[PDB]
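Have a look at the structure below, then the notes.
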Amino acid sequence: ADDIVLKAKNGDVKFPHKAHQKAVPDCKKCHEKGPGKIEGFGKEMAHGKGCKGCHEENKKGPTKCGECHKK
Ligand code: HEC
Ligand code: HEC
Ligand code: HEC
Ligand SMILES: C[C@H](CCC(=O)O)[C@H]1CC[C@H]2[C@@H]3CC[C@@H]4C[C@H](O)CC[C@]4(C)[C@H]3C[C@H](O)[C@]12C
């Protein structure tokens, strides 16, 4: 399947799946989550545990604005 881009107004955010599969071998961090996770995602999640927060705990991955958002 293809990578996805979240169409944030301030700049497109790429989600590269292969990097994540490799770096977070614990698949259950993202997969087999209960119902509602598609409807639940948004700016709060992205800037929290949905993207940024995981990067911060793992000590690797983009945490600055321009590292996620790119026109
Ligand atoms: C969040 C950070 C994820 C982690 C960790 C893993 N997966 Fe994932 N997966 C995630 C998304 C948002 C999507 C759809 C968007 C995309 O970029 O593809 C997927 C997709 C898959 C698929 C289908 C395509 C593919 O992987 O080749 C599979 C089979 C899949 N995910 C499995 C998988 C496994 C086995 C993981 C751990 C080793 C894993 N993913 C991590 C989000 C995230
Ligand atoms: C843990 C459960 C994560 C979640 C949820 C998200 N990301 Fe992530 N990401 C994670 C790690 C440990 C890393 C380092 C991987 C590396 O090889 O550097 C990453 C990396 C990225 C990257 C950069 C990929 C690269 O090739 O350097 C991007 C662009 C990225 N992550 C974006 C991203 C987004 C947009 C997420 C939410 C949709 C997201 N990540 C979630 C761990 C985790
Ligand atoms: C990845 C780890 C990110 C970092 C670091 C920052 N942002 Fe972000 N942001 C990210 C995603 C994946 C999304 C979209 C959520 C979704 O609904 O899919 C966003 C959202 C925003 C928004 C709102 C955009 C919109 O509603 O169209 C803004 C204004 C925004 N982000 C700005 C922003 C700034 C200023 C950041 C640095 C301080 C920043 N983001 C970090 C992913 C990530
Ligand atoms: C559930 C995980 C991990 C974060 C968490 O614990 O909630 C999060 C991390 C990345 C999230 C996906 C990012 C891309 C998509 C954003 C969409 O607007 C809603 C569906 C997708 C497919 C999201 C679904 C789900 O919300 C995921 C896979």
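If you read the sequence from its start, that first residue is 1, and numbering goes on from there.
For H17 and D3, the side-chain atoms include no donor-acceptor pair closer than 3.5 Å.
Note: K70 NZ to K14 NZ = 6.5 Å, rounded to the nearest 0.5 Å. Note that SG of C27 and NE2 of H20 are 12.5 Å apart. Values are rounded to the nearest 0.5 Å.
Linking ILVMFWY residues whenever their side-chain heavy atoms come closer than 4.5 Å, directly or via other members, places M45 and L6 in the same cluster. With hydrophobic clusters built from ILVMFWY side chains whose heavy atoms lie under 4.5 angstrom apart, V5 does not share a cluster with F15.
With sequence neighbours excluded, the residues that form a side-chain contact (heavy atoms from CB on, under 4.5 Å) with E67 are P62, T63, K64. Evaluation of the salt bridge (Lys or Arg N to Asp or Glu O under 4.0 Å) rule for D12 yields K7 as partners, not counting sequence neighbours.
Between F41 and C51, some side-chain heavy-atom pair lies under the 4.5 Å cut-off.
Sorted by first and then second residue, the salt bridge (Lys or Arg N to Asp or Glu O under 4.0 Å) pairs with a member in residues 18-34 read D26-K29; sequence neighbours excluded.
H69 and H47 have perpendicular rings, their planes meeting at more than 60° on a 0 to 90° scale where under 30° would count as parallel.
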